[PDB]
């Protein structure tokens, strides 16, 4: 309704969302139920495209889309993105409501994501900061004398944007924005769990002037998307999700440009130096925000001997003084988890930690099929490494607390997990901070703040199992664009006189 006026179809009491096939909304494949984690009820259905529609869509994106995007000058592409931002902003309440219902996101966080999407589109002007190239004069080698080089970038063509469930709106808008601003066409494949915010974002872009044959939104479940990733007309794949699916995506994709944001959690380190009030506050937030369903959620806290006591005590208080339930009461702090399955995994991970010597300091109580209390588990350094909570990413509001003798042990334990997305360090001493900055094997280190990618104002991405490459204003150009070198030969042509 409203923005999706003539798109959505009320059939049998439940709104039915079609796929956008690079020209027209539609689809003739199986219909799929979309549910809310708030009550496990079916709030909508999405129409998945058939084999033939996928083939036809890719064919349109490749033969026409690449050129519609590329032949639309940057000044107009920018106007399209800014208009889209206006359209989403005036529809703010409706975008937010869908996030709250479809993703189980607390009202204030749902509003924050819509505003992030708006800002991202509006700041596409800043993405131009990394547009340019270089001139390489040839007289620095006898072999290249009287020769000359120009290097610039070019859009790759068709970019596939695969998105996770925890940021259904922002991630799709972000990927669409950086792919399009440089002249690419885009196929969006949102999570089948909450594909609704993506449908709304795309329509807004189409209403804003986005070349109709240069974008596609396909409601394909999991491995149904493999046929898109594996296709030669898709020159790049921008994927945000779990380490496991990412691995499958590259193996199916083969050679192409990839940006793989594979999350995992983040460790946070507290030096005897830290303002514990700031630290406790930021760490508590990092642990529970959106019920820990954030790639940059704090999963492990490492604090030096002299502050471990106070720090862990303060965080525990803050976590237990939270409010669970329905995401609507702006008084509530934590909503549900995307699936009861996710809560099961969390409970099993807490028992594991307890069996291995871990002790719950806050939470630990399941409240429903999709509800749980934010949990903080204390654990001795000599036993934490074998705990599931440490070796894996348990996507939920749960973190471990470990007392350490010094920075070297903190760094060592922080690097001991298989991931390397971000890390946080609270403290004041420049030398210890510099050491941690050099040795933490992660894409980004947050000094005196909890990790927060925001809209990518600062580039972010993983190391180790957390993936490869970065997203960020200006930086994402590297994943959806290729270099083009032009070498000019003026040997013996009289341009230079021996030089």
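Just so we're on the same page, rigid core means the largest C-alpha set that superposes within 1.5 Å between forms. Positions refer to the first chain, counted from 1.
- Relative to the shown model and aligned on the rigid core, the C-alphas in 5 other deposited structures of this protein deviate most, among 248-256 and 128-136, for 128-136.
- Averaged as a root mean square over residues and superposed structures in 5 other deposited structures of this protein, CA distances to the shown form are larger in 326-334; the pair compared was 157-165 and 326-334 with a core fit.
- As the entry records it, the average C-alpha temperature factor is higher for 310-318, out of 290-298 and 310-318.
- For the two regions 190-198 and 323-331, the entry's Cα B-factors average higher over 323-331.
- Comparing the C-alpha B-factors of 61, 431, 447, 38 in the entry, the top value falls on 38.
- Highest C-alpha temperature factor among 144, 257, 184, 341 per the entry: 341.
- The deposited CA B-factor of residue 133 belongs to the middle third of values across its chain.
- Among all modelled residues in this chain, the alpha-carbon of residue 385 has a temperature factor (C-alpha) in the highest third.
- The entry lists a Cα temperature factor for residue 485 that places it in the lowest third of the chain's modelled residues.
- For residue 352, the recorded CA B-factor ranks within the highest third of the chain. Only modelled residues enter the ranking.
- Split the chain's modelled residues into thirds by C-alpha temperature factor. Residue 439 is in the lowest one.
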